[PDB]
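Working notes for the structure below.
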Amino acid sequence: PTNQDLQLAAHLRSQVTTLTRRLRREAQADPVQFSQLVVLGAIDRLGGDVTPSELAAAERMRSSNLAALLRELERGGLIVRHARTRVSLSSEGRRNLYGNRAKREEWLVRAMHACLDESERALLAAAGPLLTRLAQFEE
Amino acid sequence: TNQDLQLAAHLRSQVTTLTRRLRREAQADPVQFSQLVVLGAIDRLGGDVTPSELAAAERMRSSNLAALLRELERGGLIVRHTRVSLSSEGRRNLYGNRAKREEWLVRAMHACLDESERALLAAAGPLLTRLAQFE
C-alpha cells in the first residue's frame with residue numbers, strides 16, 4: 001500500500017464528506033426539520049417498512065433517541081406506524097422527503113453549470129458510480 | 001436539464017452513500033458514534049466553541065447537544081473552560097478515526113477498482129471540492 005494511495009484516500013474522503021456536508025446545508029431546514037429528514041430518508045432508503053431497531057442500527061442511532069423523533073414524526077403525519085412495530089412514510093412524508101431532495105438536486109445542477117464545463121460533468125458521471133462501488137464494498 | 005437532473009440525483013446519492021459507508025468504518029456502536037460527530041464538529045470549528053455556536057454551526061438541537069458534551073467530558077475527550085475544547089485524547093480519537101477511514105478506503109480502492117478507475121477518481125475528486133465551495 002503506497003503512501004500515494006494513502007494521500008488519494010485522504011483526498012477522496014475529504015472531498016466526498018465535504019460535498020455531503022454542503023448538501024446538508026442546502027436542505028434549508030432548521031434543527032428540528034433536519035433531524036426529521038434524516039430519519040425519513042433513512043426509512044425510504046431501507047425500503048419504507050421498517051422496525052425502529054433496524055433503523056436505529058442503520059443510522060448508528062441510539063434506540064432511546066429514535067424513539068423520540070419517531071414520536072414527533074407520527075404527531076406530524078410524516079410517518080405511519082403499524083402493526084413487532086414497523087414504520088412507513090405517509091404520502092405527506094414522501095412529498096416532504098422527495099421535496100427536499102428535489103431542492104438539493106436543483107441546487108447541484110446550478111453548481112455544476114456554474115463551476116464545471118460539459119467534459120467535467122461527463123467525468124463526474126463516469127466517476128460517480130465508482131463511489132457506489134466503494135460504498136458497497138465487502139472484503 | 002433532463003440529463004442534468006439525472007446527473008445531479010445520481011451524484012448526490014453516490015457521494016452521500018460513500019460518506020455513510022465512511023462513518024460505518026469507524027466501527028462504533030451508537031454511543032461512541034453520536035460522540036465523534038460532536039468531536040469532529042468541534043475540531044472543524046477551531047475547537048474553542050460554546051455549546052450554542054456549536055448547536056448552531058451544525059443544524060443541531062440543544063437537548064441532544066447538552067447531553068453529548070457531558071458524556072464527552074466524563075469520557076475525557078473534551079475540556080470545559082461556558083466554552084468547550086478537545087482534550088488530546090479527543091484529538092487522538094477523532095484523528096485516529098479519520099486515519100482508519102482512510103486505511104479502509106485504500107483497501108477498498110485496491111480491492112474493487114482497477115488502476116484507471118483510481119486515476120479517474122483522482123481526476124474527478126477535486127471537482128467535488130469545487131461544487132462544495134460554490135458560494
Side-chain angles (χ1 to χ4, degrees), chain A residues 17-23 26-27 29-31 33-48 50-74 76-80 85-94 96-102 104-105 107, chain B residues 12-13 15-17 19-23 26 28 30-35 37-42 44-45 49-52 54-57 60-69 71-72 84:
Chain A
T17 79
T18 299
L19 184 55
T20 298
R21 190 164 326 110
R22 189 58 198 276
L23 285 164
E26 297 297 346
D30 59 38
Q33 285 152 22
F34 182 66
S35 28
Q36 282 172 172
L37 216 83
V38 167
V39 173
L40 247 33
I43 287 161
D44 167 72
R45 282 201 299 280
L46 296 163
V50 285
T51 45
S53 278
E54 184 186 341
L55 220 186
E59 292 300 310
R60 333 291 309 115
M61 277 195 72
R62 291 162 95 165
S63 202
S64 65
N65 189 275
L66 192 52
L69 288 162
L70 286 185
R71 282 192 269 89
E72 313 173 37
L73 283 176
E74 263 223 273
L78 295 178
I79 64 177
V80 148
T85 265
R86 317 217 64 162
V87 297
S88 267
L89 292 216
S90 75
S91 203
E92 216 209 288
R94 270 161 225 115
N96 196 286
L97 176 69
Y98 296 166
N100 194 248
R101 279 166 178 177
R104 270 175 267 148
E105 282 164 22
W107 182 78
Chain B
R12 178 189 60 78
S13 194
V15 305
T16 62
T17 303
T19 305
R20 255 183 280 118
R21 182 51 173 282
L22 285 166
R23 298 192 197 100
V31 27
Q32 297 97 252
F33 188 80
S34 47
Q35 301 187 341
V37 180
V38 165
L39 268 17
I42 295 189
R44 284 188 298 268
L45 295 152
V49 271
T50 72
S52 324
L54 196 58
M60 254 217 60
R61 301 159 73 161
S62 291
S63 76
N64 188 257
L65 189 53
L68 296 167
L69 297 171
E71 305 192 322
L72 285 170
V84 141

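In what follows, chains carry the letters A, B, and so on, assigned in the order in which the sequence lines appear, proteins first and then strands, with residues in each chain numbered from 1.
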Pairwise distance [atom1]([X]) to [atom2]([Y]) - rounded to 0.5 angstrom:
X       : Y      : atom1 : atom2 : result
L37(A)  : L69(A) : CG    : CG    : 11.5 Å
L40(A)  : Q33(A) : CG    : CD    : 11.5 Å
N65(A)  : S35(A) : CG    : OG    : 9.0 Å
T17(A)  : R20(B) : OG1   : CZ    : 14.0 Å
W107(A) : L23(A) : CH2   : CG    : 6.0 Å
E92(A)  : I79(A) : CD    : CD1   : 11.5 Å

Decide, yes or no, whether a salt bridge links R62(A) with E71(B) under the criterion of side-chain N to carboxylate O below 4.0 Å.
->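 Yes.
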Look at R104(A) together with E26(A) and state whether they make a salt bridge at an N to O cut-off of under 4.0 Å.
->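 Salt bridge flag = no for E26(A) with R104(A).
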Identify the heavy atoms of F33(B) and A28(B) that sit nearest to each other, and give their distance.
->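 Minimum heavy-atom contact is N-CB, 3.9 Å.
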Do you know the tightest heavy-atom contact between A56(A) and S63(A)?
->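 Closest heavy-atom pair between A56(A) and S63(A): CB-N, 4.4 Å.
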Does [X] reach the main-chain N or O of [Y] with its side chain, forming a donor-acceptor pair under 3.5 Å?
X      : Y      : value
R94(A) : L89(A) : yes
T20(A) : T19(B) : no
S88(A) : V80(A) : no

Go through the steps to decide whether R22(A) and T18(A) satisfy the test side-chain contact (heavy atoms from CB on, under 4.5 Å), and finish with yes or no.
-> CA-CA 6 Å; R22(A) 189 58 198 276; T18(A) 299; 5.9 Å; no
Taking the side chain as every heavy atom from C-beta outward, state whether [X] and [Y] have any pair of such atoms under 4.5 Å apart.
X      : Y      : result
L69(B) : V38(B) : yes
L55(A) : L66(A) : yes
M60(B) : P31(A) : no

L97(A) and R45(A): CA distance, side-chain angles, deciding distance, side-chain contact (heavy atoms from CB on, under 4.5 Å) verdict = CA-CA 11 Å; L97(A) 176 69; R45(A) 282 201 299 280; over 6 Å; no
